[PDB]
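This report concerns only the one structure given below.
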There are 2 protein chains.
Amino acid sequence: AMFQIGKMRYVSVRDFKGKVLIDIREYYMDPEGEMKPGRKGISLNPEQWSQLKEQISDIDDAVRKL
Amino acid sequence: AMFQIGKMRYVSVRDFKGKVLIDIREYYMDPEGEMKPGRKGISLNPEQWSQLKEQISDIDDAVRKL
DNA sequence: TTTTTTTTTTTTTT
């Protein structure tokens with residue numbers, strides 16, 4: 001499943017080799033004319049994603065103040 | 001501002017060259033004994049961060065179904 | 001070999 005968050009950026013959810021990854025990732029268009037994941041991104045495991053969600057309120061507080 | 005989401009992973013919030021960035025990134029310990037940002041990570045702008053949050057429910061549903 | 005916004009490019013450590 002892919003969830004667009006910008007022009008060339010997605011959160012993607014996939015099973016990779018038995019484990020669920022939540023990937024926040026910029027994509028590019030390659031010379032053969034296909035969409036590929038780029039170097040800018042990180043694949044989170046479910047516990048890291050859970051910790052991120054738990055800190056959204058604090059993250060938002062910091063964003064708001066800048 | 002730093003928000004830990006794993007042993008060596010953080011969300012950070014900062015103003016860089018006049019732009020607020022929400023960076024999700026893996027860090028490492030370098031040979032001099034200092035923490036440094038690593039190559040696995042992505043800096044979101046606030047609009048991307050807002051779209052990510054908007055889709056957490058859908059992302060979470062994908063995780064349950066994969 | 002190691003950041004940082006809408007070419008040379010994936011994939012999990014509290």
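Heavy atoms only: backbone and side chains are in, while hydrogens, waters and symmetry mates are out. Chain naming here is simple, since letters A, B, ... match the order of the sequence lines and numbering starts at 1 in each.
A nucleotide of DNA chain C counts as in contact with chain B when one of its atoms lies under 4.0 Å from a heavy atom; the first and last such, 5' to 3', are C:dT1 to C:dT14.
As rounded to the nearest Å, C:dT1 and C:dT10 have P atoms that lie 13 Å from one another.
Using a 4.0 Å heavy-atom distance criterion, B:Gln4 is classed as a base contact. Residue contacts for B:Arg14: at a heavy-atom cut-off of 4.0 Å it reaches a base atom on one of the strands shown. Residue contacts shown for A:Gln48 are limited to sugar-phosphate atoms, with no base heavy atom under 4.0 Å away. Note on A:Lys36: nothing from the nucleic acid sits closer than 4.0 angstrom, heavy atoms only. Residue contacts for A:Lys17: at a heavy-atom cut-off of 4.0 Å it reaches a base atom on one of the strands shown.
Its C1'-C2'-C3'-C4' torsion being negative, the sugar of C:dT10 is assigned to the south family.
For the pair C:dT10 and C:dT11, the rule of 5.5 Å between ring centres and 30° between base planes classifies them as stacked.
Residue A:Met29 qualifies as open at atom CE: its count of foreign heavy atoms under 6.0 Å is 12 or below.
Map A:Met8 and B:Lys7 each onto its nearest nucleotide of DNA chain C; the residue landing nearer the 5' end is A:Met8. Position along DNA chain C of the nearest nucleotide to B:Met29 versus A:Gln51 favours B:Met29 as the more 5'-ward residue.
Ring pair B:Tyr10/B:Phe3: centre-to-centre distance not below 6.0 Å.
Residues A:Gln48 and B:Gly6 share a closest heavy-atom pair of CG-CA, 4.4 Å. Of all non-hydrogen atoms in A:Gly38 and A:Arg25, the two that sit nearest each other are O-NH1, 2.9 Å.
Neither side chain, B:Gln51 nor B:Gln55, offers a donor N or O lying under 3.5 Å from an acceptor on the other.
A salt bridge is absent between B:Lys19 and B:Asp15; no separation between the charged side-chain nitrogens and carboxylate oxygens falls under 4.0 Å.
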